[PDB]
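Read the structure below first, then the notes.
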Amino acid sequence: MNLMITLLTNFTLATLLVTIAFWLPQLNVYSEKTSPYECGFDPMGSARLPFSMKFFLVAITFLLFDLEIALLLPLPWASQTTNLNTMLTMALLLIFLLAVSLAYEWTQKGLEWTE
Amino acid sequence: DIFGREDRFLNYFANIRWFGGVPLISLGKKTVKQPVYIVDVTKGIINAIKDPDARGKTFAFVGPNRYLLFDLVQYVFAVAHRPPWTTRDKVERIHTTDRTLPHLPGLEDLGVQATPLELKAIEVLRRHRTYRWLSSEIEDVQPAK
Amino acid sequence: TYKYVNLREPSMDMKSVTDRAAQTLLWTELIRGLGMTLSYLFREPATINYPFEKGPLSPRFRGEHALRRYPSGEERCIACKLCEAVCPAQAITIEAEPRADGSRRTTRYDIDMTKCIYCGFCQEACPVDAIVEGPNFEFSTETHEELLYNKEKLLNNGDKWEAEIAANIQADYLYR
Amino acid sequence: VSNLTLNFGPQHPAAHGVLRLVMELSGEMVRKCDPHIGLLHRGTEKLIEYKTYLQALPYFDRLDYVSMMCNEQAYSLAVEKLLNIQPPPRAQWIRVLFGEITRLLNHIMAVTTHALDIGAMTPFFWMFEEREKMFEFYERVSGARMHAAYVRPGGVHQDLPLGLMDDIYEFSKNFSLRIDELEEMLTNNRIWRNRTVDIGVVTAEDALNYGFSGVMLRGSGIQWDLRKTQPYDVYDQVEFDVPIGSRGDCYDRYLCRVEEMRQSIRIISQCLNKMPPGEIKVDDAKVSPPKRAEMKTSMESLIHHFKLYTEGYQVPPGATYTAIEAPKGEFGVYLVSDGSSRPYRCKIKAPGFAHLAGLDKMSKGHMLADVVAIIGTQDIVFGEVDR
Amino acid sequence: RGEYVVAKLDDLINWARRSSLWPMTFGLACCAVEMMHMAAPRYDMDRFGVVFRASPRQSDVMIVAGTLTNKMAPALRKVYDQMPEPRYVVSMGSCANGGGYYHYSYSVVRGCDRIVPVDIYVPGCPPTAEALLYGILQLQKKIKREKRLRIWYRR
Amino acid sequence: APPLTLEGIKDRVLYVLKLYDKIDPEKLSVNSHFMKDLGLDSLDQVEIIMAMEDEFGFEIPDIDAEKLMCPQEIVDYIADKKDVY
Amino acid sequence: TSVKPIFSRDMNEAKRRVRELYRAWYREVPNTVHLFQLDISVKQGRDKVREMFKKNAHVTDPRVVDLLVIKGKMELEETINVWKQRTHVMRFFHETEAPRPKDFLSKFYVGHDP
Ligand SMILES: CCCCCCCCCCCCCCCCCC(=O)OC[C@H](COP(=O)(O)OCCN)OC(=O)CCCCCCCCCCCCCCCCC
Ligand code: SF4
Ligand code: SF4
Ligand code: SF4
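Residue numbers (the entry's author numbering), protein chains in the order written: chain A, 1 to 115; chain d, 170 to 252, 277 to 338; chain 9, 1 to 176; chain 4, 44 to 430; chain 6, 25 to 179; chain j, 3 to 87; chain g, 14 to 127.
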């Protein structure tokens, strides 16, 4: 509840400041509106887009590597138990497996970034 | 009613569409109006100023063809699609209805061409999503004209 | 003669490549060299407060276009048209009607400080040194009108400071 | 389909001049770039035809503004060459001095602004302080800050003010220390290097066909110089040595600009040691105006003054092409003179106008983020390119 | 009486708004270098609060420096034309301020008035960085007397 | 829209000519010669035949297009250009 | 009289190429007038195009014709792309040219020997 009050405030001040920032410029002394805005023709900035697989793949590997990261995240709790052998075995095993994924993708044509 | 880029009339109708949807047409109809585009007016003034026999002669300007009913509102609202003031001073102002008296030198008596509403209306309106020219289906009220 | 760079043998021998893995890996050159040569910060910066202080200049500096006159002012300009004739921007105007005394001066002597490139040619060409580029740079008019000078404005510019210009000319006339 | 069409941007904070650009690309890679030049084109060459030699000279000052006394030297050498005159020795020496000083300017600018464009906000500041000292020299010399001519045909006029060469010496003393400070600021920086290493290389013969003349040919093989091979003035005598590079890598070109700054310090030094006290202008009264003391009190000096300003000296007809070494590379003017006062047709040669035409091939192999460095690396001013 | 509040607030939004005023540098030609020397350490801009940043949307005011050719002109007015409504134009250099050393031939536009309205004309070729700076300061002193709001109070 | 017919192609061509406003549909016959009868210009011809591509048509190059000059030539040219009966 | 003709030997192929060019324009008038968001109706724009062709209609020499065709495909080559802003494409139209009196006593009435 306490931190929820902090979230209620911190969401207010965001909202308030935003509102002030919208009022005052169109609450300003003189607001004048003329110029046309051409959405118009495709080559203004860039043109069109042939969205490329590289960036998307970066999102993907961000997923798989997340999953392995959070699967690894509880370890600081687990580093202390009555089975140490198994602990080391499967923690080194697990993040070693992460590094195996990375090593594979780094061996194939993936990444390499000039294309 | 003078019509143009930054003007206070048709732009106002474009901006009155907001909440409550009650600009006018309370009783409906009853409003005949003929907006005139601005450059025709100002050319009227400049010919009036540099042409003799424009002195001591009072006269008026006329929207050449349109002479629209309130169908204007839904037209200018139709084309350009869809995104401190005053009281019945203002809404009765815009609700004032007449073309008044025929005999007064209209336009050509001052020797200048007249502009129908359409094209210039597109120009000033702009807005919408801009990506399709389409048609826009001109109102063509011309009631009883 | 040719003395060329980057043609060298990088040593793949040991004790070079030691410091290469240290170099790539530990950023010592980057850190030490750069961060420190910026930590060179403490030297007193060079900045001058323009309202209250002004940078150096030279007796030959070129300001704005003051006309000059003799002691017991004669309107030193003879009207001889040279300053207009050599103007590389062509921006000058001279029209000279012989006045009451029979001596010749200019009716309208004009400049467009807009067009003016601030050569110095009109300062060299004047046989009597009537027009001289002022020391003062005093400007920033609010209208394109105000940058066009009558003979009158150029005179009043000359009256506003002369012993200034007299000091400069008296200094440098040995060079010209 | 794929590809794109992207466009320029109006300025980086230091931007000298504006180009547009159209690059047909692949995903974050540029297959075709087609720079649109001619954006800033003031039509000088048509103007020069309407103004006499003494008048048209500031055009040759400000067509390439950064390097200035060099362009001055180009046009002046052209009129002298075509006009059969030699300047007195001291004029030649002064002209050399400010020539290499100006070269120090355009190089320090090119390097620093090449940094500021890429990143690295500070070196621009450190060094352009010293550049301000340089203009502190010009202001004494010519009596104005930047565009002031101080160069004529038949030699320079208005020799140095008494006590100038002391200041010149003093700057030249520790400039070495400061440029070395830049060399620690860069050069083994993993960032700047690893950004520009192999980007935009060139084959020597290819550079010859594309006509690149400058730090291009220097840093890429093909050892060549106009300074060494075709000495155009006493600049022959003084000793110094030009750098080269074997990687053609655009990093070599950088380091070559640096070493040319250092060598410029050598040339400045030796020049300060060798200065003869002869005179300023030539002694021919009909080529160059007399000083005022002779002007007044003496008739023929007055006449040659008056006419030499109104009409200006007449140059015999002939077609010349002179070429000098300007900090952007080989610069030259092709003069065409009807026997007359005015010139007739003179087309300058902008090294940027050549080098710029090479982006098509040079940028073919690297994505746009380094097309930035590809443009900025070869010293270019879009005020000089257009003309 | 609220007019005291009026004038005071005027000196507030005005005081700040002028105290910063960080413009954009259009920088066509050799005036641009001199402008950079105004940005150099010696003459430094920052002392006066003017900040160096490039974008027409962030732009407080605009400095037209260099020669304005016919080909560039429309783009120039667009850069003017997406800008914070309060805005000011400072014409730098003999060229842009009415045509300078060209004023003739064809491609060059004569003055930047023919494109956008202008406030501070600073002559010089190039105007000495000190002179340009004096121009910016005088622009500030045009910002002082704006008295913009109390006429919105219509008295 | 079956395999096309004489009546079809004719109604189409005469139709698009009638939609074209610059020509006066007072007397327009299949035997008519444009610049002779209707007094058009070669430019007008080119624009027309362009409409003959954009509606129906689509195949026309220039060297064929220049010599049409009469609507029946449009008929037969498009006909044999596509399907025999 | 010798010559080095360019793309065509006789006025025939000239007329051919100009027919081609006018085809291109009549293709791309709508795409441009929609592309830069002009206020002109496609009909009007096309009419100005064919006008600009008709202005030069009196030429004979097919060298000249061919060169003019190079001009045309050049400018059209610039409008097919975005390299030319709304400005110039409008600049073909003259809105801001004041109407020039072409009748005598009006010209005499003002211009004093234009
Ligand atoms: C005895 C028991 C076992 C003990 C084992 C101990 C083993 C220790 C071995 C060394 C440990 C690691 C040392 C640090 C490694 C960090 C990562 C690294 O090496 O980065 C280097 C990398 C190289 O760049 P590059 O050559 O382009 O890439 C090669 C790719 N083929 O990237 C770079 O060089 C570029 C990175 C530049 C980053 C921007 C500049 C940063 C400047 C400030 C950095 C310093 C900040 C210090 C911290 C501040 C206070 C917290
Ligand atoms: S300094 Fe100015 S007035 Fe004098 S010659 Fe040059 S442009 Fe003309
Ligand atoms: S050169 Fe001197 S004296 Fe002659 S007209 Fe000009 S200012 Fe006057
Ligand atoms: S006024 Fe002078 S310094 Fe400025 S852009 Fe023009 S020529 Fe260059």
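We put the CB at the ideal spot given by N, CA and C, even for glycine.
Notebook entry, point to check: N121 (chain 6): buried (16+ other C-beta within 10 angstroms of its C-beta) or exposed?
Noted result: buried
Next item on the list: Determine contact between the stretch 400-418 of chain 4 and the stretch 79-91 of chain 6, defined as no fewer than three beta-carbon pairs at a distance below 8 Å.
Entry: The stretch 400-418 of chain 4 vs the stretch 79-91 of chain 6: no contact.
Item checked: Closest Cα partner of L89 (chain g) within the set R40 (chain g), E110 (chain g), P114 (chain g) -> Closest option to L89 (chain g), Cα to Cα, is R40 (chain g).
Check: Would a check of beta-carbon distances place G55 (chain 9) closer than 8 Å to chain 6?
Finding: yes
Notebook entry, point to check: Going along chain A, which residues have a C-beta under 7 Å from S45 (chain 4)?
Noted result: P50
Note to self: Taking 8 Å as the limit between beta carbons, can you name the residues of its chain near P18 (chain g), skipping five residues before and five after?
What the structure shows: Cβ neighbours of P18 (chain g) beyond the five flanking positions: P75, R76, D79.
Next item on the list: List the residues of chain d whose Cβ lies closer than 7 Å to the Cβ of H47 (chain g), in chain order.
Entry: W326
Checklist line | Burial state of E123 (chain 4) (16 or more Cβ within 10 Å) | finding: buried
Next item on the list: With a threshold of 16 other CB atoms inside 10 Å of the CB of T15 (chain A), please say whether the residue is buried or exposed.
Entry: Exposed, because fewer than 16 other Cβ atoms sit within 10 Å of the Cβ of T15 (chain A).
Notebook entry, point to check: Name the chain 4 residues that come within less than 7 Å of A125 (chain 9), Cβ to Cβ?
Noted result: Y352
Next item on the list: Verify the CB distance criterion: does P56 (chain 4) have a CB-CB separation below 8 Å to chain 6?
Entry: Interface with chain 6 (8 Å Cβ-Cβ cutoff): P56 (chain 4) is included.
Next item on the list: Using the beta-carbon of each residue, find all residues closer than 6 Å to any heavy atom of ligand 3 and list them in chain order.
Entry: Sorted by chain position, residues whose beta-carbon lies closer than 6 Å to a non-hydrogen atom of ligand 3 are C77 (chain 9), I78 (chain 9), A79 (chain 9), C80 (chain 9), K81 (chain 9), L82 (chain 9), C83 (chain 9), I94 (chain 9), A125 (chain 9), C126 (chain 9), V128 (chain 9), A130 (chain 9), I131 (chain 9).
Notebook entry, point to check: Under three-state DSSP, which class holds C122 (chain 9)?
Noted result: helix
Checklist line | Residue environment, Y104 (chain 6), which counts as buried when at least 16 other CB atoms sit within 10 Å | finding: buried
Item checked: C-beta atoms of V61 (chain 4) and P53 (chain 4) nearer than 8 Å -> yes
Note to self: Only counting the same chain, and skipping five residues up and downstream in sequence, which positions put a Cβ closer than 7 Å to that of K166 (chain 6)?
What the structure shows: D143
Check: Fully enclosed by the stretch 155-230 of chain 4, which alpha helix (DSSP H) runs are 4 residues long or longer?
Finding: The stretch 155-230 of chain 4 is shown to contain whole alpha helix (DSSP H) runs of 4 or more residues at 165-185, 207-228, in chain order.
Notebook entry, point to check: Any Cβ of chain A within less than 8 Å of the Cβ of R186 (chain d)?
Noted result: no
Next item on the list: At 8 Å on the CB atoms, spell out the chain g contacts of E175 (chain d), in chain order.
Entry: In chain order: nothing, as chain g lies at least about 17 Å away.
Margin query: Once the 5 residues before and after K392 (chain 4) are set aside, which same chain residues still bring their CB inside 8 Å of it?
Written below: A366, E373, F374, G375, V376, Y377
Next item on the list: Output the distance between the C-alpha atoms of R309 (chain 4) and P98 (chain 6), rounded to the nearest integer angstrom.
Entry: 48 Å
Note to self: Residues of the stretch 121-142 of chain 6 in Cβ contact with chain 4 at a cutoff of 9 Å, in chain order, please.
What the structure shows: Result list: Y125, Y126, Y128, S129, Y130, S131, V132.
Next item on the list: Could you tell me which residues DSSP puts in a beta bridge with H79 (chain 4)?
Entry: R63 (chain 4)
Margin query: Would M72 (chain 4) pass as an interface residue toward chain A - the criterion being a Cβ-Cβ separation below 8 Å?
Written below: yes
Next item on the list: Check the Cβ-Cβ distances between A121 (chain 4) and every residue of chain 9, and say whether any is below 8 Å.
Entry: no
Notebook entry, point to check: Just how far apart, CA to CA, sit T293 (chain d) and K29 (chain j)?
Noted result: 47 Å
Next item on the list: Specify the secondary structure class of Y104 (chain 6) as computed by DSSP and reduced to three states.
Entry: helix
Note to self: Considering only heavy atoms of ligand 2, does any lie closer than 7 Å to the CB of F121 (chain 9)?
What the structure shows: Under cutoff, so the answer is yes.
Next item on the list: Quickly, what does DSSP pair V244 (chain 4) with across the bridge? List them, please.
Entry: Per DSSP, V244 (chain 4) has no beta-bridge partner at all.
Next item on the list: With hydrogens ignored, establish whether the beta-carbon of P332 (chain 4) is closer than 7 Å to any heavy atom of ligand 2.
Entry: no
Note to self: Suppose contacts are defined by Cβ-Cβ distances below 8 Å. Is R30 (chain g) in contact with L45 (chain j) by that definition?
What the structure shows: no
Item checked: Near-chain d residues of the stretch 33-50 of chain A (beta-carbon distance less than 9 Å), N- to C-terminal order -> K33, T34, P36, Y37, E38, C39, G40
Notebook entry, point to check: For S118 (chain 6), is the beta carbon positioned less than 7 Å from some heavy atom of ligand 4?
Noted result: yes
Check: Pairing CB atoms from the stretch 393-412 of chain 4 with CB atoms from the stretch 113-127 of chain 4, are three or more of them under 8 Å?
Finding: no
Checklist line | Close beta carbons around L88 (chain A), own chain, < 7 Å, minus the five adjacent residues each side | finding: none
Note to self: I need the straight-line Cα distance from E9 (chain j) to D82 (chain j), nearest angstrom please.
What the structure shows: 15 Å
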